[PDB]
Amino acid sequence: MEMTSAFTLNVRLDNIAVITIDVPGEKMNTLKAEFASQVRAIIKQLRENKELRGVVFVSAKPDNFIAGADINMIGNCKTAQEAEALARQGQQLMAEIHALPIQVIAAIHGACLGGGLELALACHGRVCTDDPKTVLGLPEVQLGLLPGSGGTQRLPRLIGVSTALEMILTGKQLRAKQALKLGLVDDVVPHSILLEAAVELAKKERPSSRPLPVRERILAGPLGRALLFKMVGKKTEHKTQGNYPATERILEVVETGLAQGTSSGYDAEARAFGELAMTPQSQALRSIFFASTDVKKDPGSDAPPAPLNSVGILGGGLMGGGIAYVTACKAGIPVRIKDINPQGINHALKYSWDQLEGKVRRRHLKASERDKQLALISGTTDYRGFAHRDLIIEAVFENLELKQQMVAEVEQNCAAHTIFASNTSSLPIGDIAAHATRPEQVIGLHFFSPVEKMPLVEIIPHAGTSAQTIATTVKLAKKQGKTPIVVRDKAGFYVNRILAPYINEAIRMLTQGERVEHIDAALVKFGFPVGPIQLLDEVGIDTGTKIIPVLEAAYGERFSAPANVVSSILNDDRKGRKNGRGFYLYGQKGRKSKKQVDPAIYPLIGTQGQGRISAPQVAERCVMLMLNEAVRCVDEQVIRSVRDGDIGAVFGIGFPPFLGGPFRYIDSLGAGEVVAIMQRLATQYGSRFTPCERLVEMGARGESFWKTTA
Amino acid sequence: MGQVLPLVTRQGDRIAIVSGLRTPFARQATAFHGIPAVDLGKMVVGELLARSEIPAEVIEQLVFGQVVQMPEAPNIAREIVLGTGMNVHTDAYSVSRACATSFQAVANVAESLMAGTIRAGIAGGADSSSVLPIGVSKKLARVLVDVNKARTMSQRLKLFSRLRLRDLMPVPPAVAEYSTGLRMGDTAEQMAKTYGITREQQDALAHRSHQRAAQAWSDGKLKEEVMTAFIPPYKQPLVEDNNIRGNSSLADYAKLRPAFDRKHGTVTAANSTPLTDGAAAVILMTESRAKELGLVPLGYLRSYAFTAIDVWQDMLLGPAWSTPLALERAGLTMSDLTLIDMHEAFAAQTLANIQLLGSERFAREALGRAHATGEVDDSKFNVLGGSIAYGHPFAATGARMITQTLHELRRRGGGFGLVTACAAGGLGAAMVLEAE
Amino acid sequence: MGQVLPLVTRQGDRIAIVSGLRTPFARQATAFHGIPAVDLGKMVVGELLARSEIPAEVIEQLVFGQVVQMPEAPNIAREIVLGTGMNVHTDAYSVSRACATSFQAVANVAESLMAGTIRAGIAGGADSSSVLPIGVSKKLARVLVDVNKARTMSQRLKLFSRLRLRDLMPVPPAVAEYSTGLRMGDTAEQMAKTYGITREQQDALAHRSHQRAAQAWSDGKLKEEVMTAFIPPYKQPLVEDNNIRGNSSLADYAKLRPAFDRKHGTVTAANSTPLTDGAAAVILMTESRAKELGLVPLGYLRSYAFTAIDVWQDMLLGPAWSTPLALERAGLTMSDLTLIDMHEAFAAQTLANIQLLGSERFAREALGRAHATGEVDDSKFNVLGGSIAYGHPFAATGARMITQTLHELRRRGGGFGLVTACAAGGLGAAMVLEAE
């Protein structure tokens, strides 16, 4: 009620206080500055009553116990003082919370992250339910950030250093079962008696009298902390390429906290916000998170959805099994597949079988439920039983006549309510539809190399496509755990259109006598993880090459690769890992290490010249070509929104997140500032680096593609 | 109505029979080796349900069965419904009837739909000859009981003191009648000696059953009823029965050592069907429901018949007992009976049955009937062959013939079917079918 | 409208229960030690025939199910009639449904005499915890499969290579749900944490049932249907139920540590049915033939009800689900009930069920009925004690409640009996009896 905030004090008949966290606004139990203020007033009224003996803390929300700090106030920080102050006000409260002598218990249910574990470490006892929704962690390093207070110092000596460091660095997700045996949560109790199970735990005489000892007590002290620190730091820079801050910073803030006492970490972590919270890496990560969250909230279309509980796939192989895998393992929807040859069925069922039972092999799952999703795996070689598939999806060869014939016959072999979709390679969805009885229910999806790693899809409606067909299609990826992006039905599209200059330039550069390892290491040093050629082969040389004639027939000659060199590898049985030989060594006889490329590709290439071009120069050229294409593709508005365009590139191609993305890079690099040096590159090599007219428009007059707020 | 009884429901709808699906049968070593009986039931039920448009929430009751029982999961019916996608509130059960559990369920399923509590059912079962559970020696079963209830450590070593002999050697499986010790071939042999069946008289039935069945495979008539099996190895699917050998001449396996007597054993392993592995599921559901959801049933149903006789001689003559009773309970006769079927569990043991069916003396006194039940022609008898070809899983051949005949009557374009089957314990199974 | 199932035959004769008898029960490792469950089958029925003097040939069907099945007897029903003096031509069989096989038999057999193919039936069963047919590790069974199929003597030793010292360890028995792993006490336990069941009320029920059941034995009311068992060594007969602790106090119950969850559970051995052994045999047959041969039935039959629910959470709520549906089919009410009974498997799930039978909100969304079931009066509830006293012999539990009530409603006015019972797999059994 604008005064009650969320923390409500409740005194039962006994001498314990039960505390409920009911945020009046959003369903999550997030953190605001005023909560920290009134709870000090709340704890003040609790301190005056000497009758109480303990306190227990309740989620008061089926969604979560406490969500954590809200990123918007971090975005509202202006300089080091505010960033330091929020940490400092976090310390004194959490110190004040920890200063009480009576037993303090917090009951965890739902989510408890970031600022969630802030209070958890401030309680002597804690219980989390066995319900599989509960989770604990510090998802702060991802944002280029770190916990507000206490996390770097009081968590490490309560649970250990090795677990604490990786949790702060790797940022994994912790379950109730593994938190219990690790020792952070004293007991896991049923959600039904969650509040009452903490009642007697509040009645326990000891707040902390026999803390758990350390089996790994061997390195407790200064003898091995530095040896650990030097090895983790050396791996960190080797893993982080040095372009991510708040990685070595974690080593510093923890070391000062561990060595010279608690008070040092308090100022040190307060100071960490002074520089780290105000950093182009930090703002880039904070902005992209809001960009990422919004599109998940964004429902793509406007029409109401339609019933969808049966899906039909026409085509198996490996992609058919993979797409079925997620829709089965994650989405859990009934599915039917028809293949004219059971070998595709047999392999695809094997294919899903392959990815499965590895979680079982990891002992985190058992075969009892494993067979359950095997049941929904349905395969056949006939049209019978397909009459009640809500959606029909095409996974057959991209022959348009073959596509048009099957889409024509599948309508006769399926319900009218069923909507047809296809993962076309280059054929337009409207061209694919053509003689379509229900074109409005004909739509286009676009997937990639195995998407268990890749969380993105493309939405490709054609001229006639009912908004319900889009709305139904868009909501699929959300329940598929993917991000929906609606793109225009144009040749080359968005992700593939900007990826071609990324690889075409890599092909163009390396043929001029440049070693791949040096350009690769610098490029992954720059902020593109995994280099061009290794990406080029394993994704499919031909499938990357197949769009090029379509791209060349779409816009211009710029997409062209050097002739008779990229194609020569294709008709050489040197077709990547799928063919067992390509670029990188595929025998992997070097103790499964980073094997250097096959020492025979170099003679096949002309490779005339030397390095010549600088290591950052190829990196700035690689980003520019996609950037030159990024503004170009969005120039005809291939993307619905700028945020969709930004989110599409950084998670679909691999632009440095610390740089924020393509147009995060543009405004960071003085907006139209890069144009001149980009234009100089155009003078250096050729008009392939011509500025876009809108890029010229915004660059010449001085503009940012984002009015927004800055 | 002195002999015929109605088989129509309370509401006036006949007990319609809808199609089913068959797992192809393979020998205990060629295929289906190590695959339990659970997933076979899972394998058939999931695809048969998800092959037509029939939903899973509509079903209210079903039963499978297995003559070979795995000790784990005593109620096999629970596992099938829970994993394969059906309503979690379905009435699943399991029944026992050696070699005819399919037909046992058919009566059990029909009686459930007779009451009106349930409107639709699913019938089938699983049988496997390669996952036989091994029991311990009986002596090394009481000893393990005491040790769990033992209190002190000193008592245990005293308990172990009586462990001796070859108790470590387990108990190999046995099939002969437990209280009779008859191996179903030795009593099948004595019939041929009792009723005069020659190894030349047989071994052409074995050939003619290998024929007219491989031709069915060659004609591909049994296409939509036999599944293409897939395995967790996924090495390759199976399409055709491998036990069936409708290519060897009848004069090839006649020079084989007798299976049981080995002295004057006019039957051998070749002319006796071998145990094979597979499963099946069939849809049984009332006439009105079939129409009110718009489904034509794969024919209809007429009646049922089963008989029990003393287990000391010629126990596999239950069909000889059962045959007239089914026709009287339907008010029918072999004359008005297009095509028949026999389980043909062995060489002979049915040649006598058709002989007994045609023998006036048997039905005169052994049954009290005024007349014999009549003779039957070979042409309308096991047209698709029988057990001597594909093989004989115990509880599965029941519904399998149901599938073969109804479609065959669909091939015959109507008529009334009839199947006869002998069962362990002097039991016979017979009934009149109707493809409308 | 009225969804009522009239339990009257084609001719209109209602289904009648004429009589039955119960084998007395003893704990595991007691006088009932090492006795095969099949032997209990003969003994319970053989004396019942003689005491009844009903002919052994007039019976035309009978089914006894059993928990703790043994593979030595696949079809136990055939063995009993082959063991007992009843006619070999009876066409019997066996079924299995959790701890309510007695009620499972009640369902599928009452419909058997509804068909008109038969006229009379026998109900009962036998399960014993002192006997377990335990086998070796599964792969060891798999190993023995190849050696029987092996052809080369030198190949066997290569097959013997795969072994370990722990292999000769056999697999201990299990009771938790196979696909769930939750023991039955655990699910009863989680309800005590879910809805709130104090140990004091659970232990009080253990006291009340002990006080009630011992009083019935002290009153000797359960005498004419309780057998005087003889053990083949013939040392001394058993007359009374030794499981019942009628000399007990609630304080003795509270000093027991919780068995399953030793942390904060509210169930112990005091408030849990112990492992008891025994048998049962009850006679069911239509009223018309009862008057045809001149016999008065010990009551009659009104309706039946069974439900399938979730196993993950609150699996013992079958009686909570099944209660209104039975009174729906009977067209009756919980108020219209002289006496009520429910299988006191656990005192926790006991208090849970009656509370849920009285929970109006339970029937609003889980069931959607017009109104909840009603209030279960403790006075009529388990008047002769319950399962926390006599024990849980698994299969016979259903019939044993059938025995007491029909006598008890014979001991009182005709009334209308009712029993409810939970079962494994999210199964609950409920029905309304008449008892005239």
# chains A, B, ... in the order shown; residues from 1 in each chain; ligands from 1
$ interface_residues --of "chain B" --to "chain A" --cutoff "9 Å" --atoms "only C-alpha atoms" --output "PyMOL selection string"
chain B and resi 39+42-43+46-47+49-54+82-85+228+230-237
$ interface_residues --of "chain B" --to "chain C" --cutoff "7 Å" --atoms "only C-alpha atoms" --output "VMD selection string"
chain B and resid 75 89 to 90 94 to 96 111 133 to 136 141 307 to 310
$ select_by_dssp --residues "stretch 43-253 of chain C" --states "strand (DSSP E)" --output "NGL selection string"
:C and (63-65 or 120-127)
$ write_last_selection --atoms "C-alpha atoms" --output "PDB file, in the first residue's frame"
ATOM      1  CA  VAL C  63     -10.927 -66.704  -8.756  1.00  0.00           C
ATOM      2  CA  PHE C  64      -8.448 -66.183  -5.926  1.00  0.00           C
ATOM      3  CA  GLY C  65      -5.810 -63.534  -6.431  1.00  0.00           C
ATOM      4  CA  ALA C 120     -22.248 -69.255  -8.891  1.00  0.00           C
ATOM      5  CA  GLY C 121     -18.789 -68.103  -7.836  1.00  0.00           C
ATOM      6  CA  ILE C 122     -16.228 -68.212  -5.041  1.00  0.00           C
ATOM      7  CA  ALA C 123     -14.205 -65.264  -3.732  1.00  0.00           C
ATOM      8  CA  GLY C 124     -11.038 -65.258  -1.677  1.00  0.00           C
ATOM      9  CA  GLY C 125      -7.273 -65.356  -1.729  1.00  0.00           C
ATOM     10  CA  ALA C 126      -4.124 -66.014   0.244  1.00  0.00           C
ATOM     11  CA  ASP C 127      -0.944 -64.019   0.814  1.00  0.00           C
TER      12      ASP C 127
END
$ residues_around --residues "stretch 164-172 of chain A" --least-positions-apart "6" --cutoff "9 Å" --atoms "only C-alpha atoms" --output "PDB file with N, CA, C and O atoms, in the first residue's frame"
ATOM      1  N   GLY A 137      21.997 -18.733  -6.006  1.00  0.00           N
ATOM      2  CA  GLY A 137      23.162 -18.351  -6.782  1.00  0.00           C
ATOM      3  C   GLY A 137      23.366 -16.853  -6.747  1.00  0.00           C
ATOM      4  O   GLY A 137      22.599 -16.106  -6.129  1.00  0.00           O
ATOM      5  N   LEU A 138      24.432 -16.423  -7.429  1.00  0.00           N
ATOM      6  CA  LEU A 138      24.791 -15.013  -7.575  1.00  0.00           C
ATOM      7  C   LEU A 138      24.972 -14.719  -9.060  1.00  0.00           C
ATOM      8  O   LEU A 138      26.108 -14.654  -9.555  1.00  0.00           O
ATOM      9  N   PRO A 139      23.881 -14.532  -9.800  1.00  0.00           N
ATOM     10  CA  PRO A 139      23.986 -14.232 -11.240  1.00  0.00           C
ATOM     11  C   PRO A 139      24.392 -12.781 -11.492  1.00  0.00           C
ATOM     12  O   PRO A 139      23.655 -11.994 -12.095  1.00  0.00           O
ATOM     13  N   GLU A 140      25.583 -12.421 -11.024  1.00  0.00           N
ATOM     14  CA  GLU A 140      26.074 -11.053 -11.108  1.00  0.00           C
ATOM     15  C   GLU A 140      27.243 -10.876 -12.063  1.00  0.00           C
ATOM     16  O   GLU A 140      27.350  -9.822 -12.690  1.00  0.00           O
ATOM     17  N   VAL A 141      28.120 -11.877 -12.190  1.00  0.00           N
ATOM     18  CA  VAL A 141      29.278 -11.756 -13.072  1.00  0.00           C
ATOM     19  C   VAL A 141      28.842 -11.631 -14.523  1.00  0.00           C
ATOM     20  O   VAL A 141      29.533 -11.007 -15.337  1.00  0.00           O
ATOM     21  N   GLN A 142      27.695 -12.219 -14.869  1.00  0.00           N
ATOM     22  CA  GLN A 142      27.224 -12.178 -16.247  1.00  0.00           C
ATOM     23  C   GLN A 142      27.026 -10.742 -16.710  1.00  0.00           C
ATOM     24  O   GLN A 142      27.373 -10.392 -17.842  1.00  0.00           O
ATOM     25  N   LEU A 146      28.951  -7.752  -9.660  1.00  0.00           N
ATOM     26  CA  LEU A 146      29.299  -8.590  -8.522  1.00  0.00           C
ATOM     27  C   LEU A 146      28.318  -8.291  -7.397  1.00  0.00           C
ATOM     28  O   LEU A 146      27.632  -7.262  -7.427  1.00  0.00           O
ATOM     29  N   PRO A 147      28.209  -9.180  -6.399  1.00  0.00           N
ATOM     30  CA  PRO A 147      27.208  -8.987  -5.336  1.00  0.00           C
ATOM     31  C   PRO A 147      27.419  -7.703  -4.544  1.00  0.00           C
ATOM     32  O   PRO A 147      28.539  -7.213  -4.396  1.00  0.00           O
ATOM     33  N   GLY A 151      28.953 -11.072  -0.055  1.00  0.00           N
ATOM     34  CA  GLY A 151      29.106 -12.274  -0.856  1.00  0.00           C
ATOM     35  C   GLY A 151      30.543 -12.722  -1.032  1.00  0.00           C
ATOM     36  O   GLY A 151      30.835 -13.918  -0.941  1.00  0.00           O
ATOM     37  N   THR A 152      31.458 -11.783  -1.270  1.00  0.00           N
ATOM     38  CA  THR A 152      32.844 -12.140  -1.538  1.00  0.00           C
ATOM     39  C   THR A 152      33.617 -12.529  -0.287  1.00  0.00           C
ATOM     40  O   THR A 152      34.757 -12.996  -0.404  1.00  0.00           O
ATOM     41  N   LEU A 155      30.303 -15.638   2.446  1.00  0.00           N
ATOM     42  CA  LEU A 155      30.033 -16.916   1.791  1.00  0.00           C
ATOM     43  C   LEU A 155      31.275 -17.796   1.703  1.00  0.00           C
ATOM     44  O   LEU A 155      31.165 -19.004   1.975  1.00  0.00           O
ATOM     45  N   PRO A 156      32.459 -17.292   1.324  1.00  0.00           N
ATOM     46  CA  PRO A 156      33.619 -18.193   1.210  1.00  0.00           C
ATOM     47  C   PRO A 156      33.978 -18.947   2.482  1.00  0.00           C
ATOM     48  O   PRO A 156      34.341 -20.126   2.393  1.00  0.00           O
ATOM     49  N   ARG A 157      33.902 -18.329   3.663  1.00  0.00           N
ATOM     50  CA  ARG A 157      34.285 -19.097   4.845  1.00  0.00           C
ATOM     51  C   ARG A 157      33.122 -19.874   5.443  1.00  0.00           C
ATOM     52  O   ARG A 157      33.337 -20.651   6.379  1.00  0.00           O
ATOM     53  N   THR A 247      36.707  -9.941 -13.764  1.00  0.00           N
ATOM     54  CA  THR A 247      37.167 -11.322 -13.710  1.00  0.00           C
ATOM     55  C   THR A 247      38.407 -11.443 -12.835  1.00  0.00           C
ATOM     56  O   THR A 247      38.424 -12.212 -11.871  1.00  0.00           O
ATOM     57  N   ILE A 250      37.505 -10.037  -9.323  1.00  0.00           N
ATOM     58  CA  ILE A 250      36.990 -10.976  -8.333  1.00  0.00           C
ATOM     59  C   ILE A 250      38.133 -11.534  -7.497  1.00  0.00           C
ATOM     60  O   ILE A 250      38.031 -11.652  -6.270  1.00  0.00           O
ATOM     61  N   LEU A 251      39.246 -11.876  -8.150  1.00  0.00           N
ATOM     62  CA  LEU A 251      40.406 -12.376  -7.421  1.00  0.00           C
ATOM     63  C   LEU A 251      40.901 -11.351  -6.411  1.00  0.00           C
ATOM     64  O   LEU A 251      41.278 -11.704  -5.288  1.00  0.00           O
ATOM     65  N   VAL A 254      38.236 -10.755  -3.359  1.00  0.00           N
ATOM     66  CA  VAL A 254      38.214 -11.904  -2.462  1.00  0.00           C
ATOM     67  C   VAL A 254      39.518 -11.996  -1.679  1.00  0.00           C
ATOM     68  O   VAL A 254      39.512 -12.256  -0.470  1.00  0.00           O
TER      69      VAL A 254
END
$ residues_around --residues "stretch 94-98 of chain A" --least-positions-apart "6" --cutoff "10 Å" --atoms "only C-alpha atoms" --output "compact mmCIF listing (two decimals) with N, CA, C and O atoms, in the first residue's frame"
# COMPACT_ATOMS: atom_id res chain seq x y z
N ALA A 36 15.39 -1.77 2.23
CA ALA A 36 16.51 -1.72 3.16
C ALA A 36 16.29 -0.70 4.27
O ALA A 36 16.81 -0.89 5.37
N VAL A 39 13.01 -1.99 6.65
CA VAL A 39 13.35 -3.19 7.41
C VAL A 39 14.24 -2.83 8.59
O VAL A 39 14.18 -3.49 9.63
N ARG A 40 15.06 -1.78 8.46
CA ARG A 40 15.77 -1.26 9.62
C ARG A 40 14.79 -0.68 10.64
O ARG A 40 14.98 -0.83 11.85
N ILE A 43 13.16 -3.89 11.95
CA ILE A 43 14.01 -4.57 12.92
C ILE A 43 14.16 -3.73 14.18
O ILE A 43 14.45 -4.26 15.26
N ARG A 88 27.55 -0.02 0.55
CA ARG A 88 27.73 0.34 1.96
C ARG A 88 26.42 0.21 2.75
O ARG A 88 26.42 -0.36 3.84
N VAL A 104 18.17 -16.65 13.66
CA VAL A 104 17.62 -16.07 12.44
C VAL A 104 17.53 -17.16 11.39
O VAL A 104 18.55 -17.78 11.04
N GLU A 118 21.94 -12.56 -0.52
CA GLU A 118 22.41 -11.49 0.35
C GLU A 118 21.88 -11.68 1.76
O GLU A 118 22.65 -11.66 2.73
N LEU A 119 20.57 -11.87 1.88
CA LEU A 119 19.96 -12.11 3.18
C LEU A 119 20.22 -13.53 3.67
O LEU A 119 20.27 -13.77 4.88
N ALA A 120 20.39 -14.48 2.74
CA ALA A 120 20.60 -15.87 3.13
C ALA A 120 21.88 -16.03 3.95
O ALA A 120 21.89 -16.74 4.96
N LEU A 121 22.96 -15.38 3.52
CA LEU A 121 24.19 -15.40 4.30
C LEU A 121 24.09 -14.58 5.58
O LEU A 121 24.96 -14.72 6.45
N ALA A 122 23.06 -13.75 5.71
CA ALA A 122 22.83 -12.99 6.93
C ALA A 122 22.01 -13.76 7.95
O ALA A 122 21.74 -13.23 9.04
N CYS A 123 21.59 -14.98 7.63
CA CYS A 123 20.82 -15.82 8.55
C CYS A 123 21.66 -17.00 8.99
O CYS A 123 22.32 -17.65 8.17
N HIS A 124 21.64 -17.28 10.30
CA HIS A 124 22.40 -18.41 10.82
C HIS A 124 21.88 -19.73 10.26
O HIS A 124 22.67 -20.60 9.87
N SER A 149 26.97 -6.85 -1.20
CA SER A 149 27.66 -6.86 0.08
C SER A 149 27.74 -8.28 0.63
O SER A 149 26.81 -9.07 0.49
N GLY A 150 28.87 -8.58 1.28
CA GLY A 150 29.02 -9.82 2.02
C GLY A 150 29.38 -11.04 1.21
O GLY A 150 30.05 -11.95 1.71
$ residues_around --residues "stretch 546-554 of chain A" --least-positions-apart "5" --cutoff "9 Å" --atoms "only C-alpha atoms" --output "PyMOL selection string"
chain A and resi 425-426+490-492+496-497+500+541+559-561
